[PDB]
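See below for the structure under consideration.
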Amino acid sequence: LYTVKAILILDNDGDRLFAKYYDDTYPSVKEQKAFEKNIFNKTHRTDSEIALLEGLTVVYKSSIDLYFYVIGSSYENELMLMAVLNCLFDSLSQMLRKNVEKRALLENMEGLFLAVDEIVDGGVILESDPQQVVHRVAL
Amino acid sequence: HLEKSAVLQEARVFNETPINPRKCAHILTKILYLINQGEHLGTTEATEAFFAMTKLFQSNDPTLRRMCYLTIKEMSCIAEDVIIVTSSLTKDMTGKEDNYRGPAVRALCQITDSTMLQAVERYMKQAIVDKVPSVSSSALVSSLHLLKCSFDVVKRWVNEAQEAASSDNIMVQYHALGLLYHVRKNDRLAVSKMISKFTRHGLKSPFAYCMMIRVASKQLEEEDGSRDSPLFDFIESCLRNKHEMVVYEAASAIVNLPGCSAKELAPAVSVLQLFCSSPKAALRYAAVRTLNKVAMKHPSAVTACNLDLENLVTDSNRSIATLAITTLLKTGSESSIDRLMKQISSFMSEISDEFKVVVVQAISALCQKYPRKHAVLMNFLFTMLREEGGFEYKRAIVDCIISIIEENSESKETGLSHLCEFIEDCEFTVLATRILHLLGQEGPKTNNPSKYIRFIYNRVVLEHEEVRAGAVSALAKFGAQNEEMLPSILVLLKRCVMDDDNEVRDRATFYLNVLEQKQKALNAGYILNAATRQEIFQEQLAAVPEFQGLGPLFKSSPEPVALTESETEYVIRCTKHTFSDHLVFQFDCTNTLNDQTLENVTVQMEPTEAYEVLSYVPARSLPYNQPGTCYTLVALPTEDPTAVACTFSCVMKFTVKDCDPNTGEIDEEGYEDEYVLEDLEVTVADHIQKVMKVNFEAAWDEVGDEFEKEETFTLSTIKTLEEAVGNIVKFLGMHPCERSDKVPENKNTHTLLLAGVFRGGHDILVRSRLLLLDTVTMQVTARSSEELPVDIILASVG
Amino acid sequence: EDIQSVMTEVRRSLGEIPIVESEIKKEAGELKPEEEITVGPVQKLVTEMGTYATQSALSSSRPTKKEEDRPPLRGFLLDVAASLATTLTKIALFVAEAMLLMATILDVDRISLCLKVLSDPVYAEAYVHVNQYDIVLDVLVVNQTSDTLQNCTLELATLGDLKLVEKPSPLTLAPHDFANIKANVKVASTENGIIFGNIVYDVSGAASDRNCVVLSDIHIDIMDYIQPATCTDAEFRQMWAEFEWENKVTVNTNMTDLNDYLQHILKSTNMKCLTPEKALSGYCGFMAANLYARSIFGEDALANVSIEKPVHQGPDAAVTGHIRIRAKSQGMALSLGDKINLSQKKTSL
């Protein structure tokens with residue numbers, strides 16, 4: 001619910017190759033990096049089952065190559081929240097026939113992008129399951 | 001990498017017709033990438049880009065249709081024109097590539113404007129409403145950003161508008177409701193009848209449920225009415241399904257028991273607790289911290305041990321580590337187990353999911369439950385704290401020290417003893433600064449001089465001009481106060497301990513020199529650093545000068561009356577004031593609606609039981625949420641039978657003027673309507689001071705002598721005072737007496753011989769002999785030193 | 001005024017960190033010339049712009065502290081003849097022009113702007129005598145034996161910074177006879193790292209003897225070994241902190257004042273307290289005594305013990321002073337704190 005501070009897909013070199021601040025109210029590319037730094041540096045590819053930072057939900061994940069960040073508020077249950085996060089790995093994996101890689105990332109961004117807008121759009125998750133998508137999309 | 005430049009040049013690619021969707025798309029992609037990564041640039045170029053891009057648009061090249069959406073999408077609250085597409089939007093609108101249509105509208109809406117708002121509208125209406133769920137969704141999202149801006153344009157449509165929200169897809173159903181988050185922001189009543197709709201049907205989206213919960217909950221705090229059945233109803237509903245989140249959600253708030261609900265709910269909860277109890281919902285941790293609150297009830301507590309023991313045991317899962325601290329805390333602990341744990345902790349804390357942070361939080365809680373208190377623990381802890389350490393204690397210390405002060409701890413001798421020592425050989429200059437400052441104030445109120453000195457010397461012992469310096473500064477509050485031996489010696493010491501090292505020399509010299517400069521006693525001082533309540537109201541009232549008599553206020557209102565009921569636009573609370581001569585009703589308020597400001601305001605009162613009516617006063621202007629004063633004035637007749645208790649009839653008159661709150665307008669025109677004004681009744685307690693007599697014996701009789709009226713009733717269906725009692729103590733506001741007041745939850749006989757003095761000076765006196773034979777027959781006397789009161793009391797008491 | 005102008009100029013020229021209120025105080029003196037010789041309100045205005053600037057900056061936010069203000073006097077300091085002057089200052093606590101200038105100056109604002117721009121018969125008795133370095137073995141083997149009874153066996157060894165080194169050769173236990181058997185030990189060599197000594201030693205059962213004594217020693221302690229040694233105090237402090245922190249033991253309790261007591265302990269360990277400040281080991285003192293010593297195999301050991309000290313209804317017949325012991329290994333170091341603890345008092349060993 002207009003609830004994504006950003007969803008970022010971050011490299012684990014603290015880099016971010018995706019960020020959409022769906023919702024935002026703080027700025028700076030730097031501060032974004034800084035903010036990123038404290039937490040990323042700290043989580044350092046390691047993640048947690050759950051993590052709350054800022055009273056805010058941090059659901060983040062890692063892949064086998066990439067670090068997934070979503071920032072949200074601990075003010076909206078894990079199970080769902082994760083479900084979207086889950087949705088993110090999985091569909092990308094199946095559809096593409098391949099999940100995220102650094103390589104994958106490097107060849108083309110777009111698909112992520114395409115997906116992303118569809119799934120979520122700002123601080124409101126319009127959707128969180130693949131299938132609909134799968135049919136819906138045909139690129 | 002990113003850079004704008006290639007691309008602007010590269011815009012000439014637009015010039016080709018032989019292109020591949022891929023080829024261009026990529027180029028398009030490149031620009032978008034710089035940006036996805038981040039870019040910043042000029043409008044001119046953007047505008048240009050548009051044109052350039054825009055330029056291309058023969059095709060339906062589908063792919064082409066998307067990219068632009070993006071592109072455009074990039075611009076929304078910080079845009080550049082709107083018009084250009086327009087056609088293109090319409091083109092979709094008649095044009096069945098369904099798909100496409102939806103993305104485009106959506107961007108526009110942060111970017112929007114009102115004229116242009118006009119545009120979509122008949123259709124739009126349709127459109128939101130239209131067909132396949134998919135399309136409809138697309139529609140929705142679009143508003144919201146426009147809602148930022150506004151959305152009321154929409155809003156209006158509403159009686160009619162909502163009904164379509166009626167759904168047949170889950171996902172959708174969930175969605176409908178948030179828009180209703182703002183809908184319910186707008187309205188509460190609506191919900192209520194509404195709920196019975198929400199309540200009415202079982203729901204689809206777990207998701208839909210959730211918003212309701214918050215809400216539902218939100219409602220509950222003060223009570224969501226007789227949640228009994230609803231709460232219950234809900235209770236199942238939250239309770240089970242195939243979607244976990246609800247059960248949990250419900251669970252955390254709902255406890256209820258300090259000697260309260262625990263019934264089913266504890267079992268269900270237990271099913272859950274246990275069920276969760278290994279990261280099903282790693283959620284479980286948070287809850288214990290507050291969401292599902294714990295501070296227990298006594299047998300209840302004992303039961304809790306096992307669950308906490310699992311976490312305590314497991315030591316893993318970030319979600320686990322946190323959980324360990326809250327559960328243990330909330331439920332509390334025995335000393336003994338702590339011991340086992342201290343060792344566990346010894347390893348654990350450093351990183352064990354990065355335990356230190358949870359722990360600092362835990363620790364902050366520790367400092368609080370014992371902030372220098374269970375000092376033995378504080379010391380055990382202290383030893384341990386320092387010990388287990390790392391370094392990370394310091395941070396904690398900032399809290400801990402603070403805690404100790406909060407108590408203003410008293411096993412300081414010991415507490416301090418540990419602190420002092422350890423800190424010495426637990427280092428960090430920084431801590432010292434803080435503590436110094438505090439200590440600085442405290443000194444000889446807590447004695448133990450030799451020790452304290454003993455310490456102090458040590459603190460200084462350390463090098464640092466700076467470290468040294470603090471002992472002297474702390475000392476000033478101390479010195480000045482002196483202790484169990486200090487003044488003589490205090491004088492001796494500064495002498496005994498002295499230093500060179502220039503600026504360090506200087507510090508000694510200077511303090512001295514400073515010392516040198518004031519009489520040390522003085523030195524220390526500088527450096528170291530009726531005509532009631534209601535009468536006041538008679539005066540407060542006095543600043544006005546339109547009077548037509550007043551007097552001095554005698555007593556004031558026994559109860560202020562809201563003259564407009566609850567949360568009304570013209571919300572009124574009124575207070576009534578009595579003087580020996582006049583009574584003023586001064587009217588307190590919040591011309592409520594931001595709709596209105598009321599102007600040309602005066603207050604009518606029309607009376608039944610006497611007062612001479614001098615004037616109705618109103619406030620000149622009353623804007624929203626802001627007391628202003630209006631008054632109504634009377635002079636009080638005192639020696640008449642029936643002449644100061646009155647009910648007065650109220651009608652509010654005003655010329656009603658509309659507001660723009662943004663920036664208003666205040667103009668001569670606007671038209672009146674008048675609204676009913678609530679009654680004012682005047683009491684026998686706005687006027688009276690309740691008393692004890694100057695001469696009861698005599699007075700008691702005497703008051704009879706001159707004054708006395710009577711009423712008798714014989715009570716045959718009820719043999720209880722109590723009804724009578726409710727009207728009399730309370731109406732008169734006087735004292736029941738002659739040690740003839742008291743009755744337990746029963747009593748055989750009762751007299752109130754009762755007192756206070758009425759306005760206009762003279763007194764109003766009452767004797768109520770209530771007599772129980774076993775019927776009650778009773779003699780009520782009112783006797784008075786004022787004529788108007790005897791008739792009055794008999795009435796008034798009712 | 002020359003000085004004043006210079007100060008202002010230099011101040012302007014700098015800006016990039018510092019700390020001084022103290023300086024302000026330093027220029028001022030009890031009295032001093034300021035302005036023409038007086039320009040009253042205008043002069044109050046004079047104080048207001050020059051000082052305000054210092055202040056404006058002051059009012060602004062910080063990084064590392066520079067110094068938390070304690071300018072209480074600072075306030076008088078800014079605002080018969082002497083008495084009159086004082087009164088004027090209190091009241092305060094051309095003029096118009098000065099005030100205006102101060103306002104203009106008002107330097108956090110400036111900083112902010114800059115930032116924006118940037119953006120057995122045989123009885124043998126023996127004891128040890130350690131006579132001067134040399135730990136020497138008094139042995140009485142008295143062979144009150146009925147003959148130079150046959151004797152067993154003895155073995156040499158590396159020892160610590162010592163090595164045992166002599167045996168009187170024969171092995172008879174001459175009848176009814178008393179003998180002095182000397183062992184010199186070699187006192188500067190043989191490392192054996194069996195600390196505190198306490199190393200097993202053999203006298204053997206090897207001839208008119210079925211057994212004997214195998215012994216480990218005990219009786220080998222520190223307090224003695226170390227000699228006093230000395231330091232420059234500033235450096236010392238620095239060092240004190242710097243050293244092998246890792247040991248401490250507490251002083252608290254005795255039979256004496258630390259005058260006699262301290263002397264006794266000092267002599268006992270043969271070690272140094274480096275320096276006094278007369279603050280007073282008498283009226284109380286509330287003295288912390290710094291002690292240093294260097295030994296025979298060269299460890300330097302550092303102490304700060306901080307101690308209450310005897311004196312009627314004032315303080316000291318315990319301590320509750322902490323003896324902070326630094327010696328490189330904690331194990332000897334603490335042990336030293338103990339050792340001293342043994343040393344501290346005087347009672348039945």
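How things are named: the first chain in the structure tokens is A, the next is B, and so on; residues count from 1 in each chain; ligands count from 1 in the order shown.
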Report task. At a cut-off of 7 Å, list the chain B residues touching chain A, using only C-alpha atoms, as a count of residues only. Result -> 8
So which bits of stretch 454-500 of chain B end up helix (DSSP H, G or I) when you DSSP the backbone, as a ChimeraX atom specification?
-> /B:454-461,465-481,486-496
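Proximity to chain B at a cut-off of 8 Å picks out residues 72, 73, 234, 237, 238, 245, 277, 278, 279, 280, 286, 287, 288, 306, 307, 308, 314 and 315 of chain C on chain C, counting only C-alpha atoms.
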Selected residues written out with N, CA, C and O atoms, as a PDB file, in the first residue's frame:
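Resulting contents of out_19.pdb:
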```
ATOM      1  N   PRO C  72      30.466  30.821  32.629  1.00  0.00           N
ATOM      2  CA  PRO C  72      29.594  31.463  33.613  1.00  0.00           C
ATOM      3  C   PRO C  72      30.197  32.828  33.876  1.00  0.00           C
ATOM      4  O   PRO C  72      29.529  33.848  33.719  1.00  0.00           O
ATOM      5  N   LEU C  73      31.465  32.837  34.268  1.00  0.00           N
ATOM      6  CA  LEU C  73      32.166  34.084  34.476  1.00  0.00           C
ATOM      7  C   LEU C  73      32.148  34.761  33.111  1.00  0.00           C
ATOM      8  O   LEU C  73      32.002  35.979  33.015  1.00  0.00           O
ATOM      9  N   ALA C 234      55.497  12.390  33.369  1.00  0.00           N
ATOM     10  CA  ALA C 234      54.487  12.559  32.365  1.00  0.00           C
ATOM     11  C   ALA C 234      54.359  11.350  31.498  1.00  0.00           C
ATOM     12  O   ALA C 234      53.311  10.767  31.243  1.00  0.00           O
ATOM     13  N   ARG C 237      53.072   8.403  33.088  1.00  0.00           N
ATOM     14  CA  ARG C 237      51.653   8.248  33.180  1.00  0.00           C
ATOM     15  C   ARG C 237      51.218   7.590  31.968  1.00  0.00           C
ATOM     16  O   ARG C 237      50.405   6.680  31.942  1.00  0.00           O
ATOM     17  N   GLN C 238      51.824   8.063  30.897  1.00  0.00           N
ATOM     18  CA  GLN C 238      51.551   7.708  29.579  1.00  0.00           C
ATOM     19  C   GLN C 238      51.883   6.288  29.521  1.00  0.00           C
ATOM     20  O   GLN C 238      51.119   5.464  29.058  1.00  0.00           O
ATOM     21  N   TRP C 245      48.690  -4.011  31.337  1.00  0.00           N
ATOM     22  CA  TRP C 245      47.666  -3.570  32.210  1.00  0.00           C
ATOM     23  C   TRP C 245      47.281  -4.590  33.203  1.00  0.00           C
ATOM     24  O   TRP C 245      46.791  -4.275  34.282  1.00  0.00           O
ATOM     25  N   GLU C 277      53.983  14.115  45.802  1.00  0.00           N
ATOM     26  CA  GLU C 277      53.460  15.444  45.646  1.00  0.00           C
ATOM     27  C   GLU C 277      53.078  15.674  47.021  1.00  0.00           C
ATOM     28  O   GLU C 277      52.531  14.778  47.641  1.00  0.00           O
ATOM     29  N   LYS C 278      53.378  16.818  47.602  1.00  0.00           N
ATOM     30  CA  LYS C 278      52.969  16.990  48.952  1.00  0.00           C
ATOM     31  C   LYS C 278      51.515  17.366  48.982  1.00  0.00           C
ATOM     32  O   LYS C 278      51.132  18.525  48.880  1.00  0.00           O
ATOM     33  N   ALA C 279      50.721  16.322  49.200  1.00  0.00           N
ATOM     34  CA  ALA C 279      49.277  16.402  49.320  1.00  0.00           C
ATOM     35  C   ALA C 279      48.786  15.208  50.151  1.00  0.00           C
ATOM     36  O   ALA C 279      47.602  14.879  50.120  1.00  0.00           O
ATOM     37  N   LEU C 280      49.703  14.519  50.837  1.00  0.00           N
ATOM     38  CA  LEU C 280      50.291  14.946  52.109  1.00  0.00           C
ATOM     39  C   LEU C 280      50.631  13.789  53.069  1.00  0.00           C
ATOM     40  O   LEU C 280      51.258  13.993  54.109  1.00  0.00           O
ATOM     41  N   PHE C 286      45.265  11.769  50.545  1.00  0.00           N
ATOM     42  CA  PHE C 286      44.368  11.141  49.600  1.00  0.00           C
ATOM     43  C   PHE C 286      45.166  10.979  48.350  1.00  0.00           C
ATOM     44  O   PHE C 286      44.740  11.295  47.254  1.00  0.00           O
ATOM     45  N   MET C 287      46.378  10.482  48.570  1.00  0.00           N
ATOM     46  CA  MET C 287      47.535  10.137  47.782  1.00  0.00           C
ATOM     47  C   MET C 287      47.523   8.789  47.014  1.00  0.00           C
ATOM     48  O   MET C 287      47.116   7.755  47.559  1.00  0.00           O
ATOM     49  N   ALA C 288      47.945   8.764  45.708  1.00  0.00           N
ATOM     50  CA  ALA C 288      48.041   7.525  44.939  1.00  0.00           C
ATOM     51  C   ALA C 288      49.499   7.506  44.563  1.00  0.00           C
ATOM     52  O   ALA C 288      50.119   8.549  44.405  1.00  0.00           O
ATOM     53  N   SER C 306      46.117   3.394  44.472  1.00  0.00           N
ATOM     54  CA  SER C 306      45.523   4.579  45.063  1.00  0.00           C
ATOM     55  C   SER C 306      44.862   4.162  46.369  1.00  0.00           C
ATOM     56  O   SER C 306      44.154   3.169  46.332  1.00  0.00           O
ATOM     57  N   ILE C 307      45.280   4.781  47.536  1.00  0.00           N
ATOM     58  CA  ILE C 307      44.995   4.434  48.956  1.00  0.00           C
ATOM     59  C   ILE C 307      44.432   5.396  50.044  1.00  0.00           C
ATOM     60  O   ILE C 307      45.015   6.448  50.289  1.00  0.00           O
ATOM     61  N   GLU C 308      43.322   5.127  50.765  1.00  0.00           N
ATOM     62  CA  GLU C 308      42.821   6.015  51.816  1.00  0.00           C
ATOM     63  C   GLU C 308      43.739   6.715  52.870  1.00  0.00           C
ATOM     64  O   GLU C 308      43.771   7.941  52.869  1.00  0.00           O
ATOM     65  N   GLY C 314      39.212  10.388  60.224  1.00  0.00           N
ATOM     66  CA  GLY C 314      39.473  10.730  58.814  1.00  0.00           C
ATOM     67  C   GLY C 314      39.816   9.457  58.016  1.00  0.00           C
ATOM     68  O   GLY C 314      39.388   8.411  58.495  1.00  0.00           O
ATOM     69  N   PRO C 315      40.678   9.464  56.982  1.00  0.00           N
ATOM     70  CA  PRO C 315      40.546   8.023  56.656  1.00  0.00           C
ATOM     71  C   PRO C 315      41.759   7.082  56.411  1.00  0.00           C
ATOM     72  O   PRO C 315      42.732   7.484  55.767  1.00  0.00           O
TER      73      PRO C 315
END
```
- Item | Spatial neighbours of residue C:68, max dist 12 Å, only C-alpha atoms, sep filter under 3 positions, as an MDAnalysis selection string | (chainID B and resid 433:434 437 466 470) or (chainID C and resid 19:22 58:59 62 64:65 71:72)
task = Taking the DSSP assignment computed from this structure's backbone, write out as a PyMOL selection string all residues of stretch 112-245 of chain C that belong to strand (DSSP E).
result = chain C and resi 123-131+134-143+157-158+163-164+177-186+200-202+214-216+227-228
- [ ] Please provide as a PyMOL selection string all residues within 7 Å of residue C:265, with the sequence filter that same-chain residues fewer than 3 positions apart are discarded (counting only C-alpha atoms).
- [x] chain C and resi 261-262+268-269+343-344
Limited to C-alpha atoms, could you put the picked residues into a file as an mmCIF file, in the first residue's frame?
```
data_model
loop_
_atom_site.group_PDB
_atom_site.id
_atom_site.type_symbol
_atom_site.label_atom_id
_atom_site.label_comp_id
_atom_site.auth_asym_id
_atom_site.auth_seq_id
_atom_site.Cartn_x
_atom_site.Cartn_y
_atom_site.Cartn_z
ATOM 1 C CA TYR C 261 53.418 0.111 56.755
ATOM 2 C CA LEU C 262 54.469 1.554 53.406
ATOM 3 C CA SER C 268 60.383 -6.025 52.063
ATOM 4 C CA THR C 269 60.063 -6.068 48.291
ATOM 5 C CA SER C 343 53.915 -9.029 51.925
ATOM 6 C CA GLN C 344 51.346 -6.464 52.864
#
```
